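See structure below.
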Amino acid sequence: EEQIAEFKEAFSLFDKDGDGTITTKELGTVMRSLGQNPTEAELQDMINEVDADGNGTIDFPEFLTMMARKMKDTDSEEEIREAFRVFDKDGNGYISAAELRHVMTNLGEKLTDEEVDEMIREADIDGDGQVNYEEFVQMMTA
Amino acid sequence: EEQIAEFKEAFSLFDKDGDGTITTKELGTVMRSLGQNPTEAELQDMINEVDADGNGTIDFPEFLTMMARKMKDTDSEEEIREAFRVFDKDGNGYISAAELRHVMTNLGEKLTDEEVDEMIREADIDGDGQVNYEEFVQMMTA
Amino acid sequence: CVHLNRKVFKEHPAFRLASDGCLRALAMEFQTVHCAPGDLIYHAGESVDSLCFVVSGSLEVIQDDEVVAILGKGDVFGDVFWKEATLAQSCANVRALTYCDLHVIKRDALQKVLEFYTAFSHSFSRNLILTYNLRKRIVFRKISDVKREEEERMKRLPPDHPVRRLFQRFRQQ
Amino acid sequence: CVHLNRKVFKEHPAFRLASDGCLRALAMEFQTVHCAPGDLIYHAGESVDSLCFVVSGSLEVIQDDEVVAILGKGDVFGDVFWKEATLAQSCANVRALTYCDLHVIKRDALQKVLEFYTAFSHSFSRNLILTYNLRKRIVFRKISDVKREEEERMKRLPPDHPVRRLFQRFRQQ
Amino acid sequence: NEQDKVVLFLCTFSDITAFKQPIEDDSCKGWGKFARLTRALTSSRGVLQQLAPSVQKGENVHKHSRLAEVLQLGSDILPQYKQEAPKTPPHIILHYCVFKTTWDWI
């Protein structure tokens, strides 16, 4: 999620030329400096088992799929994050009152404008019209 | 009532010479500048239907009768204004305690001097011995 | 402070029974107040929270443009605090005739001293007659208005329904 | 102080019934406040403990980046204290347009004066209409957001179980 | 705005009551309805359009005068709602100006 850009230093530390192309020779070099001696055959098996393109070179959003695989968050954390994904359609980290109006139309339960503004304002704490992930969980707690 | 003197600018704006004499020719001129073209016959009908003197010229207290006709105030406002007219005999906008003594004699229910002074003082707020229209309605409310 | 308020404490019969410690506890809360001529002390409707001892000069008490009491040297006005136990509005203006020296004492401070000196408080209540109660309303009539009303009395249900109601309210008062 | 706050006491219909003693007791607790342009008075969510009389200049009331009321000469804003009897947060910022002179009065001092002058307090409640209640929230919609939502409405139970619960909470609200 | 975005609607009001027609649902008189219309249309006729009612055919002239005040204002009062610096008319130099300060120094 937010550590996706924090992995970018590690991903630039992966390749030796820094080309966005995960070489087999560069991976063998970094494992050899790690202290393991793997064969190139099992490293090619790892390439064909990891890469979605699968051409001897992989990218950083091509690793984002494996990052989403190895993420594996909790129960309630994934619940509120998926509720953020369906509840914010733009995914911009904020809940506009018009976004809550659109998901009130898409929920089936239609609410008034005063009630939807009161739901925003009870949800909001800093008071800028949009609520945060923390402001979302602050009412999803109890 | 209080707008009677505020109509005096309009009444001086009615006549052209400003003589206290509503001319038929001046009324035809001001309607012609208004954008209507009435005949002088219907304007003479309006003169004979409006003026209490009825001589081709009318005055400002001669219009005060039509102003009292077209006043047509509310129920409770006219009630408290007529209660002011019977309750203040001088009509001076104030209720002296001796005025309340005279209307206590003319009401039939005679009260003591201490009770009539207490009625004045409970009625009065600014405390000058006389009460106002607003001080009258302030106890006539509830 | 006892020497400053000796002009109260030697002249008043309420204070001729005061203990020495009670005299200290009173004089530390007294305030000497000088007033100019025409510089009034209490407005009409002002809160009377301080009974004042006029130790010098003369004062007049104007209720409804009429002088009601002249206060001279050694006269106590204000409100009887220990018996009233509530704040009231002043009935009358208290204009100052001359350069006067009063010795006021606030209601809260006087009540503190009288609650602490319980044996003195009964003597104070029995011996301090207020010269003019500023709380109580004095009913009267002006002679000019009585004369004009006699002239008018020699000259002289649709209104009563929004009027007798109020009258009955005043009967319930 | 009555002469300093004559700009309130001669112009407001709430104060045209005020007694002389009540006028003194109000003006001793009034505070004239000068503000610079762009120097706002109440924040969003600040406690509104002081109703202000704008005796000079002009103010704007910004709720959610939108001007909601322009206050001019002789306009009263704040919160209706004697009827609310509780402190509330301000709904909106109150930015100052020009160099303005307000005449504020704190809620506690105004409540003291209105509790002591009981005959005046009813007249104050009947004659002081607040120009802008800072307590009450004004619901509206922005035209640009309504236009974008109309564009989105032309373009368009596993989530509902942790969501409809909250919805029902809002139904209980 | 200062950013040239529209932010307010100024709508200016006047009365064309006396210059259109009298119409009443109920009245003491047609004369009374005329009196109420003359009491309404005051700020134009009784004040601004005072050279009109002596002359005749003044309806278009009075409407043009009352609208031409606001029409010249449609270019004059474009106050733009900006917290801008107050300015003097030109050919009037400021007191604390840098040129005026170095002029006073020389």
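At 7 Å along Cα-to-Cβ for each site, give me the label-to-label distance between D:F167 and A:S76 in nm.
Each label point lies 7 Å from its Cα, and together they span 2.3 nm.
Indicate the gyration tensor shape class of the range A:1-95 (rounded, prolate or oblate), computed on the Cα atoms with a ≥ b ≥ c the square roots of the eigenvalues: a/c under 1.5 is rounded; otherwise a/b larger than b/c is prolate and the rest oblate.
prolate
Could the peptides D:158-170, C:101-113 be put in order, highest first, of the mean number of other beta-carbon atoms found within 10 Å of their residues? Please report the intermediate quantities before stating the final value.
Numbers: D:158-170: 13.5, C:101-113: 18.2.
With the highest mean Cβ count within 10 Å placed first, the list reads C:101-113, D:158-170.
Over the range C:1-133, what per residue volume does the convex hull of the Cα atoms give, in whole Å³? Intermediate results must be reported in sequence, preceding the final value.
Values: hull volume 11.8 nm³, N = 133.
Each residue corresponds to 89 Å³ of Cα convex hull volume.
Please order C:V80, E:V98 by the number of other Cβ within 10 Å, starting at the fewest. Intermediate results must be reported in sequence, preceding the final value.
On the way: C:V80 17, E:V98 8.
Neighbour counts put them in this order, fewest first: E:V98, C:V80.
Can you give the mean number of other chain Cβ atoms that lie within 10 Å of the Cβ atoms in peptide E:24-35?
Numbers: counts 0, 0, 0, 3, 5, 6, 5, 9, 6, 1, 6, 9.
Partner-chain Cβ atoms within 10 Å, mean over residues of E:24-35: 4.
Nm distances between the label at D:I129 and the same-position labels in the remaining copies, 7 Å along Cα→Cβ, shortest first?
Spelled out, the distances from D:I129's label point are 5.7 nm.
What angle, in degrees between 0 and 90 and rounded to the nearest 10, separates the Cα long axis of helix A:24-34 from the longest principal axis of the Cα atoms of chain A?
Taking Cα atoms only, the helix is inclined about 90 degrees.
Measure nothing fancy, just the Cα-based angle from helix A:75-87's long axis to the longest principal axis of chain A, in degrees from 0 to 90, nearest 10.
It is inclined by approximately 70 degrees.
At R0 = 56 Å, how high is the FRET efficiency between D:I129 and C:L17 if r is their beta carbon distance? Nearest 0.05 is fine. All intermediate terms of the calculation are to be shown ahead of the outcome.
Numbers: r = 57 Å, r/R0 = 1.02.
My answer for the efficiency is 0.45.
Shortest first, in nm, what separates the label point of C:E115 from those of the same position in the other copies (7 Å along Cα→Cβ)?
So the label point of C:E115 gives 1.6 nm to the other copies.
Of B:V116, A:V86, C:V67, how do they rank once you tally other Cβ atoms within 10 Å and put the fewest first?
Starting with the residue having the fewest Cβ neighbours, the order is C:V67, A:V86, B:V116.
Any idea how far apart A:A52 and E:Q50 come out in nm if each label point goes 7 Å out from Cα toward Cβ?
In this crude label model, A:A52 to E:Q50 measures out at 8.3 nm.
Quote the FRET efficiency, to the nearest 0.05, computed for E:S75 versus D:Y99 with a Förster distance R0 of 22 Å and r equal to the Cβ-Cβ distance.
Working: r = 28 Å, r/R0 = 1.26.
Taking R0 as 22 Å, the efficiency between E:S75 and D:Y99 is 0.20.
Please check which bits of the range D:110-145 a label hung off C:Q111 would reach, taking the label as a point 7 Å along Cα-to-C-beta and the cut-off as backbone N under 19 Å.
Output list for this probe position: D:112-118.
Need one value for C:159-168: mean number of C-beta atoms belonging to other chains within 10 Å of its residues' C-beta atoms.
Numbers: counts 9, 5, 2, 7, 7, 3, 1, 7, 6, 1.
That works out to 5 on average.
Taking the 0 to 90 degree range and rounding to the nearest ten, how far is the long axis of helix E:59-76 tilted relative to the main principal axis of chain E, both from C-alpha atoms?
20
Can you list the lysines whose alpha carbon is less than 21 Å from that of D:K106, not counting same-chain residues fewer than 8 positions off?
D:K7, D:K10, D:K73, D:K83, D:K136
Name the nearest-to-axis residue of chain D, judged by Cβ distance to the rotation axis taking chain D onto chain C, and quote that distance in whole Å.
Per the D/C rotation axis, the closest residue of D reads D:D108, 13.
Cross-chain or 8 or more residues apart, Cα under 28 Å: how many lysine pairs in chain B fit that? Count them up, please.
Eligible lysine pairs with Cα atoms under 28 Å apart amount to 11.
Is the C-alpha gyration tensor of the protein assembly as shown telling us rounded, prolate or oblate? Criteria: a/c under 1.5 is rounded; beyond that, a/b larger than b/c is prolate, otherwise oblate. Display every interim value, and only then the final one.
Values: a/c = 2.49, a/b = 1.42, b/c = 1.76.
Because a/c hits 1.5 or more and a/b fails to exceed b/c, the protein assembly as shown counts as oblate.
How many Cβ atoms of partner chains, on average, are near each residue of B:125-135 if near means within 10 Å of its Cβ? The partial results should precede the final answer.
Details: counts 10, 12, 11, 5, 4, 0, 0, 2, 0, 6, 3.
Mean number of neighbouring Cβ atoms from other chains: 5.
What are the label-to-label distances in nm, one decimal and shortest first, from C:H3 to the same spot in the other copies, with labels 7 Å along Cα to Cβ?
With the label placed 7 Å along Cα→Cβ, C:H3 yields 3.9 nm.
Taking the simple approach of a point 7 Å from Cα along Cα-to-Cβ for both E:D26 and C:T86, what is their distance in nm?
Going by the 7 Å Cα→Cβ label model, 5.0 nm.
Between C:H3 and E:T102, take the C-beta separation as r, use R0 = 51 Å, and let me know the FRET efficiency to the nearest 0.05.
Numbers: r = 69 Å, r/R0 = 1.35.
Efficiency, rounded to the nearest 0.05: 0.15.
Most exposed first by the Cβ proxy, i.e. fewest other Cβ within 10 Å, how do E:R39, C:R171 rank?
Working: E:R39 18, C:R171 11.
Ascending number of Cβ neighbours within 10 Å: C:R171, E:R39.
Counting helices only, and only those DSSP H runs with n ≥ 4, report the 222 nm mean residue ellipticity of the protein assembly as shown as the sum of -39,500 (n - 2.57) divided by its residues, in deg cm²/dmol to the nearest 500. Show your work: numbers first, answer last.
On the way: 34 runs with 325 residues, N = 736.
Computed ellipticity for the protein assembly as shown at 222 nm equals -13000 deg cm²/dmol.
Methodologically, a virtual Cβ is constructed for each residue, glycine included, from the backbone with ideal geometry; neighbour enumeration extends over all protein chains shown. Every number here is computed from the coordinates shown, using simple stated rules; none is lab data.
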